[PDB]
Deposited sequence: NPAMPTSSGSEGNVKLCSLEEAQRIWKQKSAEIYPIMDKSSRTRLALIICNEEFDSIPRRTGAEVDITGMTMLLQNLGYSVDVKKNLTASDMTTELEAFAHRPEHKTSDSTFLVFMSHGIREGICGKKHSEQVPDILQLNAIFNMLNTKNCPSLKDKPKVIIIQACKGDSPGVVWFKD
């Protein structure tokens, strides 16, 4: 996958950026930034997501290089995803963090993200609403006033997403 080497923000570039409209960053040596990657590759009833390891590698290296301790969970049902997100939201490290990233990579449909057991007959779906709910101020008070970045690689349905025109 990708090396994830990030062009650095110079001392003078950070000065040019710094006024009262920027999220505060915590001290480098004391902060405990956390990121979570949930990636489903192997499914009961959906073809293997070949190339997912490339995505995992690249996102992991990038997030680490941006200063996040990265946890990776693979091949989960919507239920396991829910449990994992609840555990993540309660991690005490968030209290001494300034931000978080949550990365989801799976098959997907209009309703949401597919768990490993998903079928048309018996849905196994994580709703996007539940992600927000689980990371909200009530359920994740430690990330109050801190940027929560949610990245989702998935279809939102099976349409090519295009319209045709002659002229």
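What are the unmodelled segments when the structure is compared with the full deposited sequence, in sequence order?
Unmodelled stretches: 1-8, 27-29.
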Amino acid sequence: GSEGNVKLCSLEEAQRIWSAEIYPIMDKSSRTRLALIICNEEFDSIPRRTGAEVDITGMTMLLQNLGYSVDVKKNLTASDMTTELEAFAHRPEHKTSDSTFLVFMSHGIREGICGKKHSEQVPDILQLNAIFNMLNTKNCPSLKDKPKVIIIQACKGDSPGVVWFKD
From here on, numbers count along this sequence of modelled residues.
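Report the stretch with the higher mean CA temperature factor, choosing between 3-11 and 157-165 on the basis of the entry.
Comparing averages over the C-alpha atoms only gives 3-11.
Comparing 20-28 with 139-147, which has the greater mean CA B-factor as deposited?
For C-alpha atoms only, the mean B-factor is higher in 20-28.
Compare the CA B factors listed in the entry for 65, 57, 50, 106 and report the winner.
So the option with the highest C-alpha B-factor is 50.
Looking at the entry's B-factor column for C-alpha atoms only, identify whether residue 61 ranks in the lowest, middle or highest third of its chain.
As the PDB entry reports it, the C-alpha B-factor of residue 61 lands in the lowest third of its chain.
Please rank the C-alpha B-factors of the chain's modelled residues and tell me whether residue 41 sits in the lowest, middle or highest third.
Middle third by C-alpha B-factor.
Could you look up the Cα B-factor of residue 116 in the entry and say which third of the chain it sits in: lowest, middle or highest?
Its C-alpha B-factor belongs to the middle third of this chain's values.
Sorting the chain's modelled residues by C-alpha B-factor, tell me whether residue 73 ends up in the lowest, middle or highest third.
Its C-alpha B-factor, which the entry lists for residue 73, ranks in the middle third among residues of this chain.
Check where residue 90 lands among this chain's C-alpha B-factors and tell me if it's the lowest, middle or highest third.
Residue 90: CA B-factor falls in the highest third of its chain.
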